[PDB]
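In what follows, a structure is listed as structure tokens, so that the remarks can point back to it.
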Amino acid sequence: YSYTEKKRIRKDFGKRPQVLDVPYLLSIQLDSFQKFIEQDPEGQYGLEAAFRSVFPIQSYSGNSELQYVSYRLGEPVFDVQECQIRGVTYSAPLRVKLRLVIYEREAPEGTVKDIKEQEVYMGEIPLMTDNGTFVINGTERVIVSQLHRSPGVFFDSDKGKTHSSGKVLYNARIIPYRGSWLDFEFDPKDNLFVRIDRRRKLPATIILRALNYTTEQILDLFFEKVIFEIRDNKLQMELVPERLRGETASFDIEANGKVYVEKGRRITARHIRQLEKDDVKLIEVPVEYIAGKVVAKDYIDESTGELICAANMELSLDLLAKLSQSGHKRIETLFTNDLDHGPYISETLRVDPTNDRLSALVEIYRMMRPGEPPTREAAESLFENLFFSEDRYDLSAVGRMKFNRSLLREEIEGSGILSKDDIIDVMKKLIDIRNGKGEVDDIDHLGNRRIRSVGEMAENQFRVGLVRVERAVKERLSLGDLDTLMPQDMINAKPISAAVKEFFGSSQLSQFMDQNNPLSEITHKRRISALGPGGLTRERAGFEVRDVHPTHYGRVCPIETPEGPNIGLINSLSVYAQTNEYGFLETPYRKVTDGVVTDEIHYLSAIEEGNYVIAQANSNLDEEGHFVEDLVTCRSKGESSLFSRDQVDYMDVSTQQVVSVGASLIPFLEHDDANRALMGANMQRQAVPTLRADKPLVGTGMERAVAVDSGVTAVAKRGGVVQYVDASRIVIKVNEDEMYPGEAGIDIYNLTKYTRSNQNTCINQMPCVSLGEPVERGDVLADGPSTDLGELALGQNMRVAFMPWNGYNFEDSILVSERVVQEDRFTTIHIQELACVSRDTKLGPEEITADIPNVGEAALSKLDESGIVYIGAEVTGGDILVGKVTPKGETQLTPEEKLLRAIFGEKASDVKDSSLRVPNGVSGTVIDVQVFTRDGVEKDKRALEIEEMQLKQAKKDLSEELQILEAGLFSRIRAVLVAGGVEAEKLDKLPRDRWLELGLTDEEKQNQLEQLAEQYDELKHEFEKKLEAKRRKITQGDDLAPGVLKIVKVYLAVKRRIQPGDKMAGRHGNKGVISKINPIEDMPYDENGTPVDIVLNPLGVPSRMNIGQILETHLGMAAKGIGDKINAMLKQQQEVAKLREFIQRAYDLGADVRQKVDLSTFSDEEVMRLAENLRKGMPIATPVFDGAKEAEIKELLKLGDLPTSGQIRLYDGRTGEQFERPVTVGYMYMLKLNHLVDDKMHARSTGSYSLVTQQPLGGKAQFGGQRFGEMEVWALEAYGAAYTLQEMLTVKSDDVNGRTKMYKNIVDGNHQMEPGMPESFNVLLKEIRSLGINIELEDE
Amino acid sequence: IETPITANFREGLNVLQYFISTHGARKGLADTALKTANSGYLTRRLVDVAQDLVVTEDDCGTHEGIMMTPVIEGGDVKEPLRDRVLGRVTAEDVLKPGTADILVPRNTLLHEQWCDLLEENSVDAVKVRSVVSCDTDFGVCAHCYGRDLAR
Amino acid sequence: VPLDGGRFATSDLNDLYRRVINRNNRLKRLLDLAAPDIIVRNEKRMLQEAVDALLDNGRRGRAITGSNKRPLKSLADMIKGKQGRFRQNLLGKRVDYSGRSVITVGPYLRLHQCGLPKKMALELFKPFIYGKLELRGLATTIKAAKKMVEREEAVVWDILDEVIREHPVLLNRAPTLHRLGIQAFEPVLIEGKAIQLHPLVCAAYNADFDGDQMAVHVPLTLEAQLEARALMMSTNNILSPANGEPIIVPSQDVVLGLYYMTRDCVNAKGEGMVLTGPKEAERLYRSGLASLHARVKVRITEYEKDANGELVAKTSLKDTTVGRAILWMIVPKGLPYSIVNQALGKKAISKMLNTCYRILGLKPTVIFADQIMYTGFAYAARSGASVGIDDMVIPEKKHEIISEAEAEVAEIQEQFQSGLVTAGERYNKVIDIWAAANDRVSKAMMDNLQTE
Amino acid sequence: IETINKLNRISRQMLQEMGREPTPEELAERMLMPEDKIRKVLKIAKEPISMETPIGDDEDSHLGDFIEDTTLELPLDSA
Ligand SMILES: [Zn+2]
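Protein chains in written order, with the deposited numbering: chain P, 3 to 1342; chain Z, 755 to 905; chain Y, 253 to 704; chain A, 457 to 535.
What follows is the structure, given as structure tokens:
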């Protein structure tokens, strides 16, 4: 057990012995990036394969050459946070050592000609945190693993799109990891056609002629040959017996001197059985039988050397005779049983007009290069590029192995390019299944799809940069000098860096991650999609892909995906999801052995399990022996069944082995519909952690692990003892067993204060521990924004009863009590951003100074002299932050303003203001400022104020770091000086430093003196090094644009708490707007005076089957039935043993739940702190499907001295009555979301306009105007209204004279109109007349 | 599917039951998604046909049109001749199976008093002046339409 | 044109223009030369290609791009389809004097009224106010007026109330399918930031109070004012012109309140007795002397007319439960007690309504509806209504039907193991027996929930 | 134009022999010519960006909406 465990324990109700604790959660992102960057000697992954692929590199034609050797990472310039703050990417440089070598092709291979060893920077590399994310431009971002169609080879069968036929359309396809595609297919009219890369239809044999094949060899391999034997008078044949299998005879189909099947008669399976056993294969027959068959191959009378017959030529009887005169006693022939064998290929040859390799390749060349003349070399060059060149075609061996499997091949490896045998065998399989043998495959089956993780993407962009470089290097190598041209001379790295930085920040995969809540992070990185490149599109995509397949089970949870278009597209991961080396998924499963369930495991892919059988964990096992009952709900083969006991081979692992985590947290999910559970789990992400961390009592257990692995919060890495604490940070010391001796081995953990989220929300950590305490590794020390003692919490729990109330909960609205807002317990805060900037101009710069005319002096009062507000101040809309000013030009004027400034005579300078200000409606508090300035420009007064500030601040942080470090490191100077001589009573009083020079002795203390000498030299070494290092790390200016001079930032903050119009909900789809607060006097109250917190509407519970939640409400109440009771014992202040008994009796309530406990173990004090925690409640952890039962809750309410109903007798408060009947009441857990009335409200009366068309914009940030589509207008003309929309088009959008006139007029109380004509109309007129058009208008 | 459910919510589900409910509900949502698309699509066409039409006249003065007949096929009534015509106009001088009992000057409104009065008799098919009959040049006569329902 | 950062941006058309011009003049260079007409043809080709690329890029063939690996714009792409000027800049509009918000409920409203957060309206009636300040001599000018307005004195709010008198509004949910996706309302205002909405019309919008936002425009001028008062005003729009049913179905709790209230059990008290009229019936129920669900012989009164608009006093006695007696109290003078001695599920309410309309019309109907919603919510709250586990009822014999069905499938399993039935016959058998079990268990569970 | 060309011809080699981007003073020294030219060059070196670029995540709306007619009038100031 643990300490934070002892600080508070949550209760169990699950009776299934787990065998596998959850793993680390997000291993995959880490693993992918690792294997991308890090080293591979031989089994190439990542960079090294990209290089070895694209290296070595010759000259233009050979004489010089380049040789990859090895790479070199660079540690970065800065740390994380410095990059965070400057708006800068975190990244590592890259060098590579290259070797240029020339060899005298003038000589035979005269190598020893020159060498240049040199290593070269090219590009830097963004990097991964320990969490798993990246950062760019002071922006934290994450990309997403993808899911798409594997390489290899696929089949399919379209459903008669010449549905005149209603016929099958078999077709087959290969897909490489790179290169060109290929499509084979049957036409409806019984002929093969083929096409690369969705080109036009071509035949299938066309390629074979193109590949130097013969019709001879073609029919050698494809067909099973029908052969004859004529000896000078008439025909014999040879009947492989099952060739008339089920067929009808033609003549007296008859044995040697015997008939088996007469004319026009079925050849039974038994007649061919006779033919098989009765051992005849030499069958004299009528020759007229031949009429219909086809020649094998051209067997002529070569005496002439003239064609009596060409292959692929249906036979005759005259020609039978002609080759009889040749003397040839047999000519082999083709087979055709339309049932079993398909001569479609022979038919295709008969359609083929082509003969040779050459014109075949001409036509190929032509198709892929239309309009181009025939040229041999280019033809064979093209072909050889497309399918056997390593340059432009790659399977990426998963395709290779998978292909091999799909052909049932004994081997797994090969190349990333083709053989010929491949093509043969695939067309053979296609025709075999066209006959009907085998099966087509299903695309949705996960054994045919693959993820695509980060390392793969990054490989791609990196190598394509390498190729953008080698183009030039080919352009340059054999051209010029070959002794002075250094390797570096030719490389630009900017293609590489360009590619990679464009990917990490402008692909549609990288996103600004979700700083709402921990789970938001962990799920948003545990997302999967099939969008983007190598992917799909919702309009291109349909329904089969959206939906579910029975192989998802154990890999992907069907419940957690939004409600818009992109429904089944994304499918977030499962829990025990591992992936595979090739990119495949797998899931653990338990081994069975002779009915025994063994503890060992295997991780199994999407495929093998169907061949196997698998049981479930609902199965109540018979205590270490076998499983209890005979029938067991197992499954194989895609679906389920019931099986016996010896019959089974494997079993599932847990009762959660499918779900996602949001599909994990909620208990009694079993008692709910699916759709609403989905909705709520998607409601479980838009939340805020409010001002506090009010824990949910009832959960499952997963809260702590998600909390930890989010990495938001602190944790131990070595056990030990606290040494110092502050709200800002802590200090620890390590135990000496965990201590490594030479290192200082004394840790520290600074913390994160109020800090803008990507979603403009606070962030903060905090400690939840004490001093003088022990700690072990991994023990938490501080909490995140949504945690409490290392266990998640987002919202809060509280009192609800179920009833209508006067209409204020009409349709799933809400009604609440005013204690909760004065408590501020869902109150939250929002960091917000603003900034201004100083630049150059053509006239001159913008500059930064208070001194600005035409100002209310009190506005200036809030500033320093530089023109800048202080810290910790109050701000209101329209207030000023910065006095920035701009060199003016000139101002032309009117006679009346001229008149006024002739009267008073005031002027303007040749400067004006650029004062940053508060946006409208905002008000808040300033708590930080940040300023950046170029390296070279003078840091002005306040720039220096904060520069010397942060100087002091970090220097104090570091002199503290020092001071603690050196202080602990004086450990020598007492044990060493008080021995090696001893004068302690005389020594201790004296100054510490004048102790080198006391009574000095034999060489032991000489070594002591030199030791301390070197060490207090290392003293000032450390000082100089570290201080000055960071000193000019800091004091240096900034890396930024032209024009700019310096900038200003402001990190202010604002306080938000609850008012109407807000959304909130709970863990079961129970949405709701809030409609009104109320006082407590109007709320109810039990007989014992306790009022109620919130009230809702109970009608809609069967309306939407969110039934399970009600259960918890009972349970909810029950917790405090202990909690409050214990608080009595607190103030009653009884005694140890009473509550000790009481609480172990509580934990031993249920029947057979697994968690045990012995509190006799504990102290008194452990117990009393435990109770001081539990004083407010007792939290529970029932898992989802090893859930609890109402038997226990009713037992527990008997324990807490309460109704078995959890349903009790209530009063009104506005008039004091009793109600007519009981009501269900308890505490439930709910929370807020990020859809807030002032984040959602806007109005407008006049303002921002376009210029293309001059009607207003949209967007609240830019003073949004409202939209008015084309169906509203349909409605209005429905009512018969013209004047209204006349106004809505003339004046409130486009016409200018009208809008101005009428403004001026209503200010004179005139509600009148004066229309004209719009502008977008005349726009359209011009834009037509551009097109050569005499459009115009007729006078009346 | 072969084997059904064996429980309810209150009994507490098991894995497969919910697992199998999933794809059903997901299909329901997928179908929910995009009825909207085709709906608005064809709807825009529906309108764009009918940009023009408008009333211009009260009485076309034209010939009778259709005969109305109820929908009692397959089972019993599903739209009575009584109910459908409510608010239409009358084609023609008609009367009751009690013969020679006329009710119109070729044209009368059909408020429910008359549907009652005529549900007395066993009248079971009756003609109407519809728009197809109406011969208004770029317009439609009122009487060939019926009643304004909202009014 | 530039933007703030100092960078120009270019109507890509410009590129499409400029190249063209230069080649034209290149031709005029070569024109001085009578050079090989081959290359001249090359230049002609280049022109024609450029021109038709400009007028419609992806029409002749290859759609040309800029540097971005991205296509371009002809002129036509300004006119066509979605981003065409028609349905993006000529019918898909933006509007001044507008706003929006989230919505919620006013369960006390007088439906022709609407909820409104103030500050929205404070922007939306602004230059009005400016003119009126100038009119009253308070702020004789516009920056004076504006400073007072930013200063938002109580006079300002007073004059806001002055203007909103009579001065209407107009709504919009999205997506407007039919025309009752807007109605005209009358302003009433709320200290908040959310709009309160009269519950009934939610179905006219298909609006559900689970994150709803809708929008506002103004019937600014006078003709709009009149129309929105006369036409889109929700009072004058109650019947679907698709089909003359009304859309004022009271939905889910008001109905529940009535049904609970008007109900004829026996259980309670105060039984087999007499009254003089409903008023002391109300009296005693307030006193806790007898429940409403208890049948009683009392007096009533009702009115009719077969007349030339001339009423008929009539009076009598009836058996009745009590709530019936009370809610007689509203009904205006044209309808009998026959309508109120039932349990009142939805359609009953629909029919009392449409009768009132057909017999009287509009104003009494809306009033009746208002009082219905009021009293339904009120007595529904008094009613008390909750949900629990045990409110849901298993039959006991849910184990046994299932066991005998298991016997059935065991039988047909072993028969198919003998291999007589096709699996399709078996399939049909199985589905039929399971539907049998389902519907009979439905029978049983209703037999333990309906009147027991 | 050739100024920009030679500038970048030097910049490539500053990139190598630094492993890092240049500084205006350093290549000013290496080129022996003064700062503000480099300043206004890099101010002027960049090209325009296409009114109808897709600033949205998807084709949500291009950059045109995000532009102001900061030219003509204020009806307030007009009155
Ligand atoms: Zn007509």
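Ideal Cβ positions, reconstructed from N, Cα and C, are used throughout, including at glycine.
- Using a Cβ-Cβ cut-off of 7 Å, Y/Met484 is close to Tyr1281 of chain P, given in chain order.
- One alpha carbon belongs to Z/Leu872, the other to Z/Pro859, and they sit about 16 Å apart.
- Pairing P/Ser662 with P/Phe80, the inter-Cα distance amounts to about 38 Å.
- Beyond the five residues adjoining it in sequence on each side, Y/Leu385 comes within less than 6 Å, by CB distance, of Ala391, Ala397 in the same chain, given in chain order.
- With its beta carbon at least 7 Å from every one in chain P, Y/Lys598 lies outside the interface.
- With respect to the 7 Å criterion, P/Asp549 and Z/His777 are classified as neighbours on the basis of their beta carbons.
- At the C-beta level, P/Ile833 and P/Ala1055 come within 7 Å of one another.
- Around ligand 1, the residues whose beta-carbon falls short of 5 Å from at least one of its heavy atoms are Z/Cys814, Z/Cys888, Z/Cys895, Z/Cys898, given in chain order.
- Judged by their CB atoms, P/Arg101 and P/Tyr123 are not nearer to each other than the 7 Å cut-off.
- With its beta carbon at least 7 Å from every one in chain Z, P/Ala1130 lies outside the interface.
- In the pairwise beta carbon analysis, the region 534-543 of chain P is classified as not touching the region 641-656 of chain P: fewer than three pairs are separated by under 8 Å.
- At the C-beta level, P/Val1227 and P/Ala803 come within 7 Å of one another.
- Not flagged as an interface residue toward chain P: A/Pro504, since no C-beta distance is shorter than 7 Å.
- The closest CA to that of P/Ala174, considering only P/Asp937, P/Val21, P/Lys430, P/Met1304, is found on P/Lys430.
- Listed in chain order, the positions of the region 482-503 of chain P with a beta carbon within less than 7 Å of a beta carbon of chain A are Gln490, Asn494, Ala495.
- Within the region 1219-1277 of chain P, the runs of alpha helix (DSSP H) at least 4 residues long that lie entirely inside it are, in chain order, 1239-1242.
- At a cut-off of 7 Å between C-beta atoms, Y/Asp264 counts as an interface residue with respect to chain A.
- In this structure, P/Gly1125 lies away from P/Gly1208, with their beta-carbon atoms at least 7 Å apart.
- At a C-beta separation below 8 Å, P/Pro560 has these neighbours in chain Z: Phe773, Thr776, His777, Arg780.
- P/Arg557 is positioned such that its CB atom lies no closer than 7 Å to that of P/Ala532.
- For P/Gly1045, at least one C-beta of chain A is nearer than 7 Å to its own C-beta.
- Between A/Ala535 and P/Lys864, the CB-CB gap reaches or exceeds 7 Å.
- Put simply, the backbone Cα of P/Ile1308 is about 22 Å away from that of P/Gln1256.
- Assignment of alpha helix (DSSP H) within the region 337-425 of chain P, counting only whole runs of 4 or more residues, yields 346-353, 359-370, 378-389, 400-408 in chain order.
- By the CB criterion at 7 Å, P/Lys17 and P/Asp1154 fall inside the cutoff.
- Comparing alpha carbon positions, the residue from Z/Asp806, Z/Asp847, Z/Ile774, Z/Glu827 closest to Z/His817 is Z/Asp847.
- Within its own chain, the residues whose Cβ lies closer than 8 Å to the Cβ of Z/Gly841, once the five positions on either side in sequence are excluded, are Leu863, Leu864, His865, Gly900, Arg901, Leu903, listed in chain order.
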